[PDB]
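> Could you have a look at this structure, given as structure tokens, before my questions?
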Amino acid sequence: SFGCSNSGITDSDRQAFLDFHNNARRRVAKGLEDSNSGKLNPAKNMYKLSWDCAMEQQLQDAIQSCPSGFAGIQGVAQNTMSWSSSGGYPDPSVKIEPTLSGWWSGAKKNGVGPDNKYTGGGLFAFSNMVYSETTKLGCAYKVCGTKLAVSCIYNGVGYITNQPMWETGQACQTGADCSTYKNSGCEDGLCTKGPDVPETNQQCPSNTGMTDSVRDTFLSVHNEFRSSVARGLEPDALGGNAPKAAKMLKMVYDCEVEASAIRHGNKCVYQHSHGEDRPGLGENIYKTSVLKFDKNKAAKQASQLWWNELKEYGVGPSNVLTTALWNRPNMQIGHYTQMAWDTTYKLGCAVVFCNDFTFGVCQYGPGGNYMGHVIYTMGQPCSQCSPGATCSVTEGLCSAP
């Protein structure tokens with residue numbers, strides 16, 4: 001049906017954009033898509049795209065003059081292609097397939113790394129098409145005399161350095177296999193996103209700018225990484241895995257710590273707050289060029305980019321945060337350390353839409369990154385938890401709340 005008002009393209013065009021993307025996504029998911037050398041890895045959690053009229057209309061409005069470069073539309077990644085011909089374009093629909101196949105040819109021509117990680121080398125356009133967490137699609141073309149621009153925008157970002165375009169696994173069998181969004185369906189190996197759950201703010205009613213869904217994203221992503229690291233499961237670029245943690249505390253969400261992150265977030269200056277403005281609190285910051293970026297997507301991406309420091313740069317088996325590891329050229333580790341800091345247990349975050357970037361701030365109480373100190377005490381999980389605390393060996397986190 002589509003139900004789009006835009007007369008710039010036809011339904012037949014919308015169906016050709018949409019089908020090309022989903023057929024190619026399903027091929028990847030099924031492990032059937034060619035690479036430069038063998039087959040691409042199969043995909044779990046590979047979502048089917050749905051058409052979005054609002055996304056389509058906005059993109060259509062931006063290309064009326066066949067501009068050079070990117071539209072700068074909010075909340076989305078963009079793919080773009082320009083054609084020239086002295087004969088003009090009496091049937092622009094015939095350029096849909098070679099545009100999309102030209103975007104797609106990224107992977108076959110250059111290849112994709114063993115973890116399906118984005119590294120560029122010419123995967124930009126392929127990454128937007130294939131990105132597993134993307135659920136919405138909007139495309140449009142415009143004729144400008146002898147010039148044709150064909151473009152698609154996507155509600156997910158696939159060009160982030162070292163982030164996996166998709167996770168290797170079997171394609172979904174039922175909707176229970178789709179882990180990215182709750183209550184997803186499954187159509188022949190493609191996950192299908194259901195309707196959006198309404199955003200609530202019951203955890204911290206005095207604060208403005210944050211919602212419960214975003215809080216639980218930060219909190220669960222933090223805790224799950226701390227659980228993983230305490231049990232010896234997290235890879236370290238400096239050798240093997242990071243050591244087991246003896247007394248890794250489970251984080252709780254804290255409204256006051258949130259209110260403090262919100263204050264700094266609302267200033268819209270990409271830098272650390274002064275330590276006296278967050279007294280006794282650690283801090284992690286994040287921005288992305290994408291404007292008005294989904295707050296949950298921004299929370300998950302920020303958390304992972306901070307965490308990735310361990311597998312990218314490394315800490316080593318002593319687990320000590322040293323000035324020698326700190327001062328490494330082009331290597332930062334301090335965002336990861338604060339996330340893994342065992343004495344740190346209150347989390348409060350903010351995601352603020354600034355006019356220049358989506359800004360993400362998390363604050364940490366009591367706050368780590370003591371120079372010359374271990375990031376966490378090393379030993380068997382739960383071994384050194386405080387006298388009255390609970391801990392399971394299958395999670396490895398000391399908790400009292």
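So basically every Cβ, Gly included, is an ideal-geometry build from the backbone, and we count neighbours across all protein chains shown. Since every read-out is calculated from the coordinates, none of them should be taken as a lab result.
> Under the rule of at least 5 residues apart or a separate chain, name every residue whose amide H is placed under 5 Å from the amide H of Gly316.
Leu238
> Place +1 on the Cβ of every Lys and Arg and -1 on the Cβ of every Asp and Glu in the chain, take the dipole about the Cα centre, and give the residue among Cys4, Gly106, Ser383 whose Cα lies farthest towards its positive end.
The Cα lying farthest towards the positive end belongs to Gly106.
> Something else: Filter the chain for me: DSSP H helices, axial length by Cα at least 20 angstrom, mean Kyte-Doolittle hydropathy not below -1.0. List them by residue number.
For the chain, where a helix must reach 20 Å along its axis and average at least -1.0, the hits are 212-230.
> A further question on this structure: Along segment 354-360, what does the Karplus equation 6.51 cos²θ - 1.76 cosθ + 1.60 (θ = phi - 60°) give for ³J(HN,Hα), rounded to whole Hz, x for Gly and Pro?
For segment 354-360, the Karplus curve yields 9, 6, 10, 4, 8, 10, x Hz.
> Reachable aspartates and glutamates from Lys292, Cα under 13 Å, same-chain residues fewer than 8 places away excluded?
Correct list for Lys292: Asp356.
> I'd like the FRET efficiency for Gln15 and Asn201, computed as 1/(1 + (r/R0)^6) with the beta carbon distance as r and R0 of 35 Å, rounded to 0.05.
FRET efficiency, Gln15 to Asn201: 0.35.
> Work out how much length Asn355 to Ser386 would gain on full extension: take 0.36 nm times their residue separation and subtract the Cα-Cα distance, in nm to one decimal.
6.6 nm
> Please work out the Kirkwood hydrodynamic radius for segment 1-197, using every pair of different C-alpha atoms, and report it in angstroms with one decimal place. Display every interim value, and only then the final one.
Details: mean 1/r = 0.0583 Å⁻¹.
When all Cα pairs of segment 1-197 are included, the Kirkwood radius is 17.1 Å.
> FRET efficiency for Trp326 and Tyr270, Cβ-Cβ distance as r, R0 = 25 Å, nearest 0.05?
E between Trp326 and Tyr270, to the nearest 0.05, is 0.75.
> Under 10 Å, Cα contacts only: if you run a Gaussian network model on the chain, which one of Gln202, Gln58, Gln78 comes out with the highest mean-square fluctuation?
Of the options given, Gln202 has the highest mean-square fluctuation.
> Sort out for me the Cα centre separation of segment 117-184 from segment 286-314, rounded to whole Å.
When both Cα centres are located, 17 Å separates them.
> Once each part is reduced to its C-alpha centroid, what is the distance from segment 1-67 to segment 352-371 in angstrom?
The two parts, judged by their Cα centres, are 34 Å apart.
> Right, here's the next one. For the chain, with a Gaussian network of springs between Cα atoms less than 10 Å apart, report the residue from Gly120, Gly360, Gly156 with the top mean-square fluctuation.
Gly120
> A further question on this structure: Give the long-range amide H neighbours of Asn241: residues separated by 5 or more places, or on another chain, with amide H under 5 Å away, using H modelled in the peptide plane at 1.01 Å from N.
HN-HN under 5 Å from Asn241: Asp236.
> What does the extension gain come out to for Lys117 and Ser68, with contour length at 0.36 nm per residue minus their alpha carbon separation?
14.8 nm
> Give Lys30/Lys142; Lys48/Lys147; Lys142/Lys193; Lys44/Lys109 a once-over and call out the pairs whose C-alpha atoms are over 28 Å from each other.
Long pairs (Cα-Cα over 28 Å): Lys30/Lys142; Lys48/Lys147; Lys142/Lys193.
> If you don't mind, there's one more thing I want to ask. Given a Förster distance of 22 Å, report the FRET efficiency between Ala237 and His373 from their Cβ-Cβ distance, rounded to the nearest 0.05. Please report the intermediate quantities before stating the final value.
On the way: r = 21 Å, r/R0 = 0.94.
Efficiency, rounded to the nearest 0.05: 0.60.
> Please report the net charge: other residues with Cβ closer than 15 Å to the Cβ of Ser5, K and R +1, D and E -1.
Net of charged neighbours comes to -4.
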